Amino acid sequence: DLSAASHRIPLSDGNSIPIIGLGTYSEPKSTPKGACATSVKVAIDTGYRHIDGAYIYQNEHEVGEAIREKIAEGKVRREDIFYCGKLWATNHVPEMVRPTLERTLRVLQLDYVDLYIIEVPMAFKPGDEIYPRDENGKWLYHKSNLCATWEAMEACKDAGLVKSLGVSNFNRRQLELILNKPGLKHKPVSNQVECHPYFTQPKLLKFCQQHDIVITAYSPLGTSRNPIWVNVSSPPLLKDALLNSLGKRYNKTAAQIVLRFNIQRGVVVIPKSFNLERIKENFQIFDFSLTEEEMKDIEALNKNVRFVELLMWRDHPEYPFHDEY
């Protein structure tokens, strides 16, 4: 079915999305300049046709640099590349949405993005600081109004600035809000959330499928496990006994096993790697398939524990991780 040359799955709005993509977040201070650009280029050469990024990653300009060069050389046409950008918490004010998208378009130097999503359901105080906090370190929040923000996102698609609209880190309630919104124009086609063998998102996935919403699994390899923000209570996902055991069976790494797992269930994966060898390794997941029994055993690894909890914002009205899903 899915192959290296053809692995795009349909979105509810008529568009399609490559089931595998390259994630581009990397610790700014511990990441060499140009690393993201080089990686995106290698990814496209390897076969990737989906790049997931965000203005707040502070490297969106490198992403554009790489994409434009590949188009310029004729490696791919703009329509062959799928780029996803995100609207940060400090840009949820309706009037700020379009200008925020336009900024990203100017940074990437492209006419449009394939997918633009609300980064988090929580709104933070607008400004030049992506992490608002007063003198006491108290997080400066802002009253959220998802419906209004969405209408602003819908306007962007009406203007032809983005092909598809979606969300990220949205729970069932927040999704319903948009889905049941009076006079809804464009339903969200995707919800990007943490998803892997240790957090399979069983209920959220079923809900999203009822509405034809595709789930993009971020941190599909269990994250970089940076203690500064990652909950390390759970052991290294890639060190899992079963995942590695199944890997020996197909002569694949645990990383490849976990990526095959999600894409085989229709979940898009956006593994991040700025390493030449690992970028290639993560794409080699079309030359084999997991048996149903194996698929069920891997799913059974679910621990219901998030690597990305974002506890520092558990008090924000829109914190999405309080509910079961």
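Residue indices: 1-based, along the sequence shown. Superpose the two forms; the largest set of C-alphas matching within 1.5 Å is the rigid core.
Using the rigid core as the fitting frame, the root mean square C-alpha deviation in 5 other deposited structures of this protein is greater for 225-233 than for the other of 162-170 and 225-233. For the pair 299-307 and 15-23, the mean Cα B-factor is higher in 299-307.
Of the two segments examined, 271-279 and 287-295, it is 287-295 that shows the higher average Cα temperature factor in the deposited entry. Annotation for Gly166, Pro132, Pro197, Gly85: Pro132 ranks highest, by Cα B-factor. When the C-alpha B-factors of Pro99, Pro220, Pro188, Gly183 are ranked from the entry, the top spot goes to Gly183.
The deposited CA B-factor of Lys70 belongs to the lowest third of values across its chain. Sorting the modelled residues of the chain by their CA temperature factor places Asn231 in the highest third.
Per the deposited record, the Cα B-factor of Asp128 falls in the highest third when ranked against the other modelled residues of its chain.
Among the modelled residues of its chain, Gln209 has a C-alpha B-factor that falls in the highest third according to the deposited record. In the deposited entry, the Cα temperature factor of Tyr250 sits in the middle third of values across the chain's modelled residues.
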